[PDB]
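Please read the structure below before turning to the comments.
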2 protein chains.
Amino acid sequence: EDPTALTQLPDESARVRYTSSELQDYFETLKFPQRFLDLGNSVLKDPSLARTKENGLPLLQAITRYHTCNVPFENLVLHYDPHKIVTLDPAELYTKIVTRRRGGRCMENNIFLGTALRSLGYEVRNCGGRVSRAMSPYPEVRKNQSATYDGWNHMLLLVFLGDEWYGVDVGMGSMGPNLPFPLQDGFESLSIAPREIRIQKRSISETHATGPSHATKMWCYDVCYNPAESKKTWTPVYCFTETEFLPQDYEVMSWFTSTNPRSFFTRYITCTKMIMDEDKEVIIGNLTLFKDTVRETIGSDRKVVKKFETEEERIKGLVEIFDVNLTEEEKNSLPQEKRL
Amino acid sequence: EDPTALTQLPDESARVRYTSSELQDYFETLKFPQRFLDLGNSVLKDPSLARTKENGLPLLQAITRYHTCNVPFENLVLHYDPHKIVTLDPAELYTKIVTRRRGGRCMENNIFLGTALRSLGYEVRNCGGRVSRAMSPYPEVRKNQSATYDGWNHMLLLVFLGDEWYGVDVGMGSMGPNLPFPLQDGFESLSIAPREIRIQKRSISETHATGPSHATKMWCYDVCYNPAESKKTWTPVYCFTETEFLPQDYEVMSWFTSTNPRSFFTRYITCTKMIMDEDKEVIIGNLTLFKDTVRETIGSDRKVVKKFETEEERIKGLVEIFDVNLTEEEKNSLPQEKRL
């Protein structure tokens, strides 16, 4: 039958807002220690703190750090699922991430996080971007096309603190900036040592502009994996604009990455949690399952944790290593050609 | 197998250019009269004329007017086609529109036109937009969601003439501006009497902004079907930004509109050409096939031309009314559920 309603951004009075109690349950899923529970509760009691740099940025730093370490970046809904459809509904996302302790990709993570932050009192714009082909898992695409970008396929947040916007992104696993960054041309920071991140406003290589008089510029997020090299090499990760993206834009973007056969997410299973040094309040590495193999990276050192031999091993490994729990129907929904 | 190359914008030296003879063949497909053949030839001989408003705009006006009257806005590639996939390759588009005298939707039309205009010497930026739900063929969507917009799904061009960008769009059938329009906030013009068009820079209804200090603005294209009313009603048609879109962005957008089962293009056959008063150099109406019925509207008056009874009737009508010629494989590719 013809649709009678299409996806939209609800009017302000109709939008999902996570309650104080649901946000507390999210702080517990994040496994906040006492000092950050206390920080979160002070904002719960005074949302005006979420508008300032001095009181809003520290809780924002803590939320983003524990989120990428405890909420998995995963595509299992396209594999271990009977329907293989992505929901971006903020209430269903809450259940998936807080109650079920599952995760997802950039749109599921950052739609949820945007809803949580606005519910805490933050001013949050949903934005859109393009992942660099330098991040492609296809080797010839990395080699020949690293200056190009995908079609719109990434989500990040801009959060307004005091007098400045900050980029916020908890939905890109170990490729992400993994820090709230000031939206500042030329900002650089250590992020997951030895890696550095950089933000620049610049034209991208792909353009029909015949000269600078007609060029446009994007915000470009790059990383330097090894800043100790004599000549720093910056690897592009994604580019984005400040345009407000809508739920139905993400629906278009997610449809492509979830159903176009050239999206690697339709082809291979992947699941990532970042690794924290809690006392030093920094991320130091990541655990990543790709296809059949779990690897732990700490700084520049990478080692294999497990190469799964069977479906049973991979399923138990998702529980024990990632706290990713599947229903019976989800386990049995994996297509036969993808099983171990 | 894993992709070895993804869609990208080619480097300037590898981009498709239409030759002077290919552009001449396009002018004949447009059915230019002699005065516009003369005007086109003068730009083929002196490409610097395409850089000025005084010499570039007249040819631009004539190209866009004859294009929407003579190149069909159609979706038959999703229906009367064995493979039902959309190519955005500018060489294949050339063969489709100039040689085969077929058409397409917004991205096929405007990728082609951008390639042609850049080949004539114009400075052109590919841009992206969202169609208003006020244009939805779904009655309940129109009634309840007219203030909202689709996810990114429209392409238009910005053409820089002299010191001023112009909006150019030959890819929306009867809903389009059907005129090059100056990218000026508040521009209004008659376009297809009695309809008026309007361009405004303004925020759209859907926003997470809690107030105007954090709000964003879009270029918004609205129409007034009946400016004679005591109180003018403006109907939203699409919104866009100046961001340069890439071929791979359009690939994402077209993938949704061509494969998501809530896109109306996946459901119903549609084909439109505009109707010109050639001597008065204005568009006055349109011919539109929708599902099984052809209607002619001239201004505000609409009448049924034909309600097709059989497949043979619809196919002959496409030839006779729209000069849309199908191959035997294309005719026989229509799913049985869609036949008459």
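So that the names make sense, note that chain A is the first sequence line, chain B the second, and so on, each numbered from 1.
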Heavy-atom pair count under 4.5 Å with chain B, highest-scoring of [options]:
options	answer
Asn144(A), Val124(A), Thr241(A), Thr7(A)	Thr7(A)
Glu244(A), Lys217(A), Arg15(A)	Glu244(A)
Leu246(A), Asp150(A), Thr216(A), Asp249(A)	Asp249(A)
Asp11(A), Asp2(A), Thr148(A)	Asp2(A)
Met253(A), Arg118(A), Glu251(A), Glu140(A)	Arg118(A)

[X], part contacting chain B, at a heavy-atom distance under 4.5 Å:
X	answer
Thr259(A)	both
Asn126(A)	side chain
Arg133(A)	side chain
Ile204(A)	side chain
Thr243(A)	side chain

Within this structure, what is the [atom1]-[atom2] distance for the pair [X] and [Y], rounded to the nearest 0.5 Å?
X	Y	atom1	atom2	value
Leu157(B)	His208(A)	CG	NE2	10.0 Å
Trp152(B)	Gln248(A)	CH2	CD	10.5 Å
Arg130(B)	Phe245(A)	CZ	CZ	7.0 Å

Ignoring hydrogens and angles, tell me if any N or O in the side chain of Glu123(B) forms a donor-acceptor pair with the backbone of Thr210(A) under 3.5 Å.
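Yes, because the side chain of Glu123(B) sits within donor-acceptor range (under 3.5 Å) of the backbone of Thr210(A).
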Is the backbone N or O of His214(B) less than 3.5 Å from a side-chain atom of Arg125(A), with the two atoms forming a donor-acceptor pair by type?
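Yes.
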Tell me whether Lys53(B) at atom NZ has more than 12 heavy atoms from other residues, nucleotides or ligands lying less than 6.0 Å away.
yes
Is it the case that over 12 heavy atoms from other parts of the model lie below 6.0 angstrom from the NZ atom of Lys143(B)?
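Counting other residues, nucleotides and ligands, NZ of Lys143(B) stays at 12 neighbours or fewer.
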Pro3(B) versus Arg267(A), closest heavy-atom pair with distance
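Minimum heavy-atom separation between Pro3(B) and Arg267(A): CD-NH2, 3.8 Å.
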Do the side chains of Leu6(A) and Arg262(B) get nearer than 4.5 Å, heavy atoms only?
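In short, these two side chains touch, coming nearer than 4.5 Å.
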Beyond-backbone contact of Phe256(A) with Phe256(B), side-chain heavy atoms, under 4.5 angstrom:
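No. Closest side-chain heavy atoms not under 4.5 Å.
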Heavy-atom distances under 4.5 Å only: say whether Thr207(B) touches chain A with side chain, backbone, both or neither.
both
